[PDB]
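Colleague: I am sharing run27.pdb, which consists of PDB, C-alpha atoms:
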```pdb
ATOM      1  CA  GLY N 344      19.161 -17.613 -67.903  1.00  0.00           C
ATOM      2  CA  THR N 345      18.775 -18.897 -64.344  1.00  0.00           C
ATOM      3  CA  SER N 346      15.166 -17.825 -63.679  1.00  0.00           C
ATOM      4  CA  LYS N 347      13.453 -21.081 -64.664  1.00  0.00           C
ATOM      5  CA  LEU N 348      16.050 -23.079 -62.698  1.00  0.00           C
ATOM      6  CA  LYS N 349      15.378 -20.982 -59.610  1.00  0.00           C
ATOM      7  CA  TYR N 350      11.643 -21.541 -60.078  1.00  0.00           C
ATOM      8  CA  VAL N 351      12.143 -25.316 -60.222  1.00  0.00           C
ATOM      9  CA  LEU N 352      14.326 -25.201 -57.078  1.00  0.00           C
ATOM     10  CA  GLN N 353      11.786 -23.128 -55.117  1.00  0.00           C
ATOM     11  CA  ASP N 354      10.935 -24.949 -51.863  1.00  0.00           C
ATOM     12  CA  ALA N 355      12.579 -28.102 -53.234  1.00  0.00           C
ATOM     13  CA  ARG N 356      14.162 -30.909 -51.249  1.00  0.00           C
ATOM     14  CA  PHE N 357      17.672 -32.057 -52.111  1.00  0.00           C
ATOM     15  CA  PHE N 358      19.414 -35.415 -51.619  1.00  0.00           C
ATOM     16  CA  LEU N 359      23.008 -36.422 -52.234  1.00  0.00           C
ATOM     17  CA  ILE N 360      23.270 -39.567 -54.365  1.00  0.00           C
ATOM     18  CA  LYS N 361      26.592 -41.416 -54.308  1.00  0.00           C
ATOM     19  CA  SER N 362      27.353 -43.901 -57.086  1.00  0.00           C
ATOM     20  CA  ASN N 363      30.181 -46.411 -56.900  1.00  0.00           C
ATOM     21  CA  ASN N 364      30.954 -46.142 -60.624  1.00  0.00           C
ATOM     22  CA  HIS N 365      30.485 -43.876 -63.626  1.00  0.00           C
ATOM     23  CA  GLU N 366      28.634 -46.519 -65.648  1.00  0.00           C
ATOM     24  CA  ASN N 367      25.504 -46.284 -63.492  1.00  0.00           C
ATOM     25  CA  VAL N 368      25.414 -42.478 -63.731  1.00  0.00           C
ATOM     26  CA  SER N 369      25.796 -42.734 -67.515  1.00  0.00           C
ATOM     27  CA  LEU N 370      22.930 -45.231 -67.619  1.00  0.00           C
ATOM     28  CA  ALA N 371      20.845 -42.853 -65.498  1.00  0.00           C
ATOM     29  CA  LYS N 372      21.581 -39.901 -67.812  1.00  0.00           C
ATOM     30  CA  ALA N 373      20.722 -41.994 -70.872  1.00  0.00           C
ATOM     31  CA  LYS N 374      17.501 -43.547 -69.559  1.00  0.00           C
ATOM     32  CA  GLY N 375      16.129 -41.071 -67.009  1.00  0.00           C
ATOM     33  CA  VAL N 376      16.062 -43.610 -64.165  1.00  0.00           C
ATOM     34  CA  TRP N 377      17.596 -44.121 -60.768  1.00  0.00           C
ATOM     35  CA  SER N 378      17.487 -46.997 -58.298  1.00  0.00           C
ATOM     36  CA  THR N 379      18.740 -46.987 -54.705  1.00  0.00           C
ATOM     37  CA  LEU N 380      18.833 -49.155 -51.578  1.00  0.00           C
ATOM     38  CA  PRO N 381      15.519 -49.728 -49.743  1.00  0.00           C
ATOM     39  CA  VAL N 382      16.463 -47.384 -46.873  1.00  0.00           C
ATOM     40  CA  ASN N 383      16.825 -44.517 -49.359  1.00  0.00           C
ATOM     41  CA  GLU N 384      13.938 -45.577 -51.611  1.00  0.00           C
ATOM     42  CA  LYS N 385      11.650 -45.175 -48.609  1.00  0.00           C
ATOM     43  CA  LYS N 386      13.036 -41.696 -47.895  1.00  0.00           C
ATOM     44  CA  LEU N 387      12.741 -40.576 -51.516  1.00  0.00           C
ATOM     45  CA  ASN N 388       9.169 -41.883 -51.822  1.00  0.00           C
ATOM     46  CA  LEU N 389       8.209 -39.934 -48.679  1.00  0.00           C
ATOM     47  CA  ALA N 390       9.955 -36.805 -49.960  1.00  0.00           C
ATOM     48  CA  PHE N 391       8.332 -37.027 -53.425  1.00  0.00           C
ATOM     49  CA  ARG N 392       4.871 -36.575 -51.893  1.00  0.00           C
ATOM     50  CA  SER N 393       6.044 -33.822 -49.526  1.00  0.00           C
ATOM     51  CA  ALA N 394       7.669 -31.308 -51.873  1.00  0.00           C
ATOM     52  CA  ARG N 395       6.986 -29.600 -55.180  1.00  0.00           C
ATOM     53  CA  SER N 396      10.422 -30.789 -56.396  1.00  0.00           C
ATOM     54  CA  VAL N 397      12.806 -33.450 -55.107  1.00  0.00           C
ATOM     55  CA  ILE N 398      16.333 -32.956 -56.502  1.00  0.00           C
ATOM     56  CA  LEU N 399      18.977 -35.698 -56.650  1.00  0.00           C
ATOM     57  CA  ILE N 400      22.558 -34.398 -56.793  1.00  0.00           C
ATOM     58  CA  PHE N 401      24.888 -37.110 -58.102  1.00  0.00           C
ATOM     59  CA  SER N 402      28.529 -37.831 -57.217  1.00  0.00           C
ATOM     60  CA  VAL N 403      30.547 -40.855 -58.331  1.00  0.00           C
ATOM     61  CA  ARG N 404      32.692 -42.137 -55.471  1.00  0.00           C
ATOM     62  CA  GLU N 405      36.377 -41.127 -55.757  1.00  0.00           C
ATOM     63  CA  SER N 406      35.731 -38.784 -58.703  1.00  0.00           C
ATOM     64  CA  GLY N 407      36.108 -35.578 -56.676  1.00  0.00           C
ATOM     65  CA  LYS N 408      33.142 -34.098 -58.520  1.00  0.00           C
ATOM     66  CA  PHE N 409      29.393 -34.011 -58.840  1.00  0.00           C
ATOM     67  CA  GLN N 410      28.140 -35.260 -62.215  1.00  0.00           C
ATOM     68  CA  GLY N 411      24.874 -33.290 -62.358  1.00  0.00           C
ATOM     69  CA  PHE N 412      21.414 -33.094 -60.829  1.00  0.00           C
ATOM     70  CA  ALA N 413      17.912 -34.256 -61.662  1.00  0.00           C
ATOM     71  CA  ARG N 414      14.341 -33.994 -60.416  1.00  0.00           C
ATOM     72  CA  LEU N 415      12.233 -36.985 -59.388  1.00  0.00           C
ATOM     73  CA  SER N 416       9.300 -37.309 -61.751  1.00  0.00           C
ATOM     74  CA  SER N 417       7.819 -40.431 -60.116  1.00  0.00           C
ATOM     75  CA  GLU N 418       7.852 -42.594 -57.032  1.00  0.00           C
ATOM     76  CA  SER N 419       9.708 -45.886 -57.323  1.00  0.00           C
ATOM     77  CA  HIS N 420       8.063 -48.612 -59.420  1.00  0.00           C
ATOM     78  CA  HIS N 421       8.902 -52.284 -59.970  1.00  0.00           C
ATOM     79  CA  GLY N 422       8.722 -54.519 -63.028  1.00  0.00           C
ATOM     80  CA  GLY N 423       9.237 -52.023 -65.832  1.00  0.00           C
ATOM     81  CA  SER N 424      12.491 -53.249 -67.443  1.00  0.00           C
ATOM     82  CA  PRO N 425      15.723 -54.844 -66.162  1.00  0.00           C
ATOM     83  CA  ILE N 426      18.190 -51.966 -65.970  1.00  0.00           C
ATOM     84  CA  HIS N 427      21.728 -53.270 -66.528  1.00  0.00           C
ATOM     85  CA  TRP N 428      23.277 -51.568 -63.517  1.00  0.00           C
ATOM     86  CA  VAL N 429      26.887 -52.394 -62.681  1.00  0.00           C
ATOM     87  CA  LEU N 430      26.297 -54.024 -59.306  1.00  0.00           C
ATOM     88  CA  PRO N 431      29.297 -53.615 -56.949  1.00  0.00           C
ATOM     89  CA  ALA N 432      30.572 -56.201 -54.482  1.00  0.00           C
ATOM     90  CA  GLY N 433      27.843 -57.190 -52.048  1.00  0.00           C
ATOM     91  CA  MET N 434      25.306 -55.248 -54.096  1.00  0.00           C
ATOM     92  CA  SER N 435      22.592 -57.161 -55.933  1.00  0.00           C
ATOM     93  CA  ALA N 436      19.727 -56.591 -58.366  1.00  0.00           C
ATOM     94  CA  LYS N 437      16.931 -57.318 -55.875  1.00  0.00           C
ATOM     95  CA  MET N 438      17.836 -54.282 -53.746  1.00  0.00           C
ATOM     96  CA  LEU N 439      18.144 -51.939 -56.762  1.00  0.00           C
ATOM     97  CA  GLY N 440      14.657 -53.071 -57.794  1.00  0.00           C
ATOM     98  CA  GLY N 441      12.552 -49.975 -57.166  1.00  0.00           C
ATOM     99  CA  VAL N 442      13.037 -47.646 -60.143  1.00  0.00           C
ATOM    100  CA  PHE N 443      12.471 -43.893 -59.999  1.00  0.00           C
ATOM    101  CA  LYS N 444      11.956 -41.846 -63.134  1.00  0.00           C
ATOM    102  CA  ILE N 445      14.031 -38.646 -63.172  1.00  0.00           C
ATOM    103  CA  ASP N 446      14.304 -35.550 -65.387  1.00  0.00           C
ATOM    104  CA  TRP N 447      17.816 -34.216 -65.691  1.00  0.00           C
ATOM    105  CA  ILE N 448      18.232 -30.529 -64.929  1.00  0.00           C
ATOM    106  CA  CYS N 449      22.006 -30.373 -65.421  1.00  0.00           C
ATOM    107  CA  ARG N 450      24.220 -33.090 -66.929  1.00  0.00           C
ATOM    108  CA  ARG N 451      27.418 -31.065 -66.425  1.00  0.00           C
ATOM    109  CA  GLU N 452      30.072 -31.754 -63.792  1.00  0.00           C
ATOM    110  CA  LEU N 453      31.014 -29.575 -60.831  1.00  0.00           C
ATOM    111  CA  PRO N 454      34.299 -30.206 -59.016  1.00  0.00           C
ATOM    112  CA  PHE N 455      34.220 -30.397 -55.213  1.00  0.00           C
ATOM    113  CA  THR N 456      36.793 -27.591 -55.106  1.00  0.00           C
ATOM    114  CA  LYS N 457      34.011 -25.254 -56.290  1.00  0.00           C
ATOM    115  CA  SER N 458      31.607 -26.191 -53.457  1.00  0.00           C
ATOM    116  CA  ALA N 459      34.084 -25.844 -50.579  1.00  0.00           C
ATOM    117  CA  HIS N 460      32.190 -22.803 -49.237  1.00  0.00           C
ATOM    118  CA  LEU N 461      28.883 -24.672 -48.803  1.00  0.00           C
ATOM    119  CA  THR N 462      28.191 -26.632 -45.616  1.00  0.00           C
ATOM    120  CA  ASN N 463      25.163 -28.832 -44.946  1.00  0.00           C
ATOM    121  CA  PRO N 464      23.313 -28.193 -41.648  1.00  0.00           C
ATOM    122  CA  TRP N 465      21.790 -31.682 -41.834  1.00  0.00           C
ATOM    123  CA  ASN N 466      25.281 -33.255 -41.790  1.00  0.00           C
ATOM    124  CA  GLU N 467      26.841 -31.339 -38.883  1.00  0.00           C
ATOM    125  CA  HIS N 468      27.824 -28.429 -41.202  1.00  0.00           C
ATOM    126  CA  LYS N 469      30.375 -30.540 -43.012  1.00  0.00           C
ATOM    127  CA  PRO N 470      31.127 -29.542 -46.612  1.00  0.00           C
ATOM    128  CA  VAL N 471      28.194 -30.473 -48.832  1.00  0.00           C
ATOM    129  CA  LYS N 472      30.390 -32.936 -50.741  1.00  0.00           C
ATOM    130  CA  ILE N 473      30.505 -35.057 -47.557  1.00  0.00           C
ATOM    131  CA  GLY N 474      27.675 -37.467 -46.909  1.00  0.00           C
ATOM    132  CA  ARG N 475      26.381 -40.985 -47.327  1.00  0.00           C
ATOM    133  CA  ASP N 476      24.202 -41.995 -50.248  1.00  0.00           C
ATOM    134  CA  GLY N 477      20.795 -40.455 -49.541  1.00  0.00           C
ATOM    135  CA  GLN N 478      21.976 -37.694 -47.213  1.00  0.00           C
ATOM    136  CA  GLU N 479      19.444 -34.897 -47.263  1.00  0.00           C
ATOM    137  CA  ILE N 480      20.836 -31.436 -48.070  1.00  0.00           C
ATOM    138  CA  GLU N 481      19.156 -28.438 -46.431  1.00  0.00           C
ATOM    139  CA  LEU N 482      17.214 -26.039 -48.714  1.00  0.00           C
ATOM    140  CA  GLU N 483      19.603 -23.065 -48.856  1.00  0.00           C
ATOM    141  CA  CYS N 484      22.746 -25.207 -49.216  1.00  0.00           C
ATOM    142  CA  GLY N 485      21.190 -27.370 -51.902  1.00  0.00           C
ATOM    143  CA  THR N 486      19.886 -24.362 -53.813  1.00  0.00           C
ATOM    144  CA  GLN N 487      23.276 -22.650 -53.838  1.00  0.00           C
ATOM    145  CA  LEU N 488      24.965 -25.936 -54.769  1.00  0.00           C
ATOM    146  CA  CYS N 489      22.757 -26.421 -57.834  1.00  0.00           C
ATOM    147  CA  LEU N 490      23.283 -22.786 -58.824  1.00  0.00           C
ATOM    148  CA  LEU N 491      27.061 -23.430 -58.950  1.00  0.00           C
ATOM    149  CA  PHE N 492      26.830 -25.930 -61.795  1.00  0.00           C
ATOM    150  CA  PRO N 493      27.619 -24.706 -65.294  1.00  0.00           C
ATOM    151  CA  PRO N 494      24.374 -24.038 -67.158  1.00  0.00           C
ATOM    152  CA  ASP N 495      23.274 -26.978 -69.323  1.00  0.00           C
ATOM    153  CA  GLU N 496      21.993 -25.292 -72.482  1.00  0.00           C
ATOM    154  CA  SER N 497      20.904 -28.673 -73.877  1.00  0.00           C
ATOM    155  CA  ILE N 498      18.010 -28.770 -71.372  1.00  0.00           C
ATOM    156  CA  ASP N 499      14.715 -26.881 -71.610  1.00  0.00           C
ATOM    157  CA  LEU N 500      13.108 -26.563 -68.161  1.00  0.00           C
ATOM    158  CA  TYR N 501       9.713 -25.663 -69.661  1.00  0.00           C
ATOM    159  CA  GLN N 502       8.551 -29.301 -69.643  1.00  0.00           C
ATOM    160  CA  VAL N 503       9.860 -29.793 -66.082  1.00  0.00           C
ATOM    161  CA  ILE N 504       7.819 -26.843 -64.826  1.00  0.00           C
ATOM    162  CA  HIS N 505       4.713 -28.442 -66.363  1.00  0.00           C
ATOM    163  CA  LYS N 506       5.286 -31.686 -64.423  1.00  0.00           C
ATOM    164  CA  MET N 507       4.920 -29.594 -61.265  1.00  0.00           C
TER     165      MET N 507
END
```
Translate this structure into structure tokens?
Modeller:
Amino acid sequence: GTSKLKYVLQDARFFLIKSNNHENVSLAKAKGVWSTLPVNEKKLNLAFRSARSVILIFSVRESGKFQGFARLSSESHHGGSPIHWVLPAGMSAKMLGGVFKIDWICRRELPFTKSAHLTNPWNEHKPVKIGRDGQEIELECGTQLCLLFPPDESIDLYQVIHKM
């Protein structure tokens, strides 16, 4: 059903995460971790204390899709393991240093064609697919966006609800 998902999303905050390649999203799905630039790490740390759930919605650049969504389970922490991210041009390992732990809520894809009816008030009402890495997505838009994803029957939200 969708009832536990709706409970998790209640009063949540949502952020668009853009990844330059698929390898880093695969690594995040396998290990339950995400790292971002210091400008966004600061925003996510602030949001984690402010909301019952902080949801990251992932999209690999140029894929035309979202690859799933996850809930922050921790603030960022350093010196836990060297995650073998695929660092793009200009990008380095010292900036991707703060590591957040995340719990995946949906590992299924959603094509942008399916979200064309959702606009984000916090990005000038552009389609929710549009935004820089870290763009906050307003509550109602983000909730409806997550509800569009195919259900991920491999995931039991019972343990997520207990983290809250």
Colleague: Using the chain letters and numbers from the file, give me the residues hit by the PyMOL selection byres ((chain N and resi 393-403) around 8), as a PyMOL selection string.
Modeller: chain N and resi 351-365+368+387+389-392+404-415+507
Colleague: Please write out, as lines of an AutoDock Vina configuration file, where the centre of an axis-aligned box around all listed atoms of region 455-470 of chain N lies and how long its edges are, in Å to one decimal, after adding 8 Å on each side.
Modeller:
```
center_x = 29.3
center_y = -28.0
center_z = -47.6
size_x = 31.0
size_y = 26.5
size_z = 33.4
```
Colleague: Once you count all atoms listed in the file, what closest atom pair and distance in Å to one decimal does each residue of region 412-459 of chain N within 6 Å of region 373-379 of chain N have, with rows by chain and rising residue number, as a tab-separated table?
Modeller:
```
residue	atom	partner	partner_atom	distance
N:439	CA	N:378	CA	5.2
N:441	CA	N:378	CA	5.9
N:442	CA	N:378	CA	4.9
N:443	CA	N:377	CA	5.2
N:444	CA	N:376	CA	4.6
N:445	CA	N:375	CA	5.0
```
Colleague: Atoms to include: C-alpha atoms. Write the selected residues as a short mmCIF file (atom, residue, chain, number, x, y, z; two decimals), keeping the file's coordinate frame.
Modeller:
```
data_model
loop_
_atom_site.label_atom_id
_atom_site.label_comp_id
_atom_site.auth_asym_id
_atom_site.auth_seq_id
_atom_site.Cartn_x
_atom_site.Cartn_y
_atom_site.Cartn_z
CA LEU N 439 18.14 -51.94 -56.76
CA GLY N 441 12.55 -49.98 -57.17
CA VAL N 442 13.04 -47.65 -60.14
CA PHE N 443 12.47 -43.89 -60.00
CA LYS N 444 11.96 -41.85 -63.13
CA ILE N 445 14.03 -38.65 -63.17
#
```
Colleague: Which residues come within 12 Å of residue 505 (chain N), counting all atoms listed in the file, excluding same-chain residues fewer than 4 positions away, as JSON, numbers by chain?
Modeller: {"N": [347, 350, 351, 395, 396, 416, 446, 499, 500, 501]}
Colleague: Do you have the CA of residue 420 (chain N)-CA of residue 371 (chain N) distance handy?
Modeller: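 For CA of residue 420 (chain N) relative to CA of residue 371 (chain N), the distance reads 15.3 Å.
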Colleague: May I have the residues within 7 Å of residue 492 (chain N) as a ChimeraX atom specification, using all atoms listed in the file and disregarding those fewer than 6 positions away in the same chain?
Modeller: /N:451-453
Colleague: What does the distance between CA of residue 493 (chain N) and CA of residue 478 (chain N) come to in Å, to one decimal place?
Modeller: 23.0 Å
